[PDB]
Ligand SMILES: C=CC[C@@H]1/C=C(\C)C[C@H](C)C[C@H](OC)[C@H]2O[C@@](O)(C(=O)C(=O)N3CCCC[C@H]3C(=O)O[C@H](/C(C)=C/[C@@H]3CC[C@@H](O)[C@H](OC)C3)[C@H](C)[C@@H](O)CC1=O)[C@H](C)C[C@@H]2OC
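Quick heads-up: it's one chain on its own, the form solved without the named molecule, in structure tokens.
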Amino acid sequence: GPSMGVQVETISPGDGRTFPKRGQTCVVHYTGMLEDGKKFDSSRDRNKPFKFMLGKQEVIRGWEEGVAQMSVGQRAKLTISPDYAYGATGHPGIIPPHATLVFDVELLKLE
């Protein structure tokens, strides 16, 4: 009984009173790295932040439940599992089956 497959760790404290609401877009920079630390997709590498809407399901479950735990100006690392990321199949070549992923997002601003 571990409960919840998403672990977020605060690295840089932001506002602490400004969390992203459901329905609005969230501008944040992420970094996807395998369990070993091998990158597979970063938003900052292309010099462009990632904007998404909460509750719209435009992103992964571990992101909607994890990003909502941080406040504007906060930098935390979210641990996503193959159950919260894609499933038991995943994406062939980049995301293998039964594999844990690591993503580092930073709360820049809200739209």
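Quick note: we count residues from 1 along the sequence shown, nothing fancier.
Keep in mind that the form solved in complex with the named molecule is not shown, yet the notes after this line are about it.
Residue contact with the named molecule in the entry with it bound: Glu58 places a heavy atom within 4.5 Å of it. Mapping the unseen interface onto this chain, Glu65 falls outside it, with no heavy atom inside 4.5 Å of the named molecule in the entry with it bound. Under a 4.5 angstroms non-hydrogen atom cutoff, the named molecule in the entry with it bound has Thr89 among its neighbouring residues.
The named molecule in the entry with it bound comes within 4.5 Å of no heavy atom belonging to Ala76. In the entry with it bound, the named molecule lies within 4.5 angstroms of at least one heavy atom of each of the following residues of 29 to 56: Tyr30, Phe40, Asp41, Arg46, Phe50, in sequence order.
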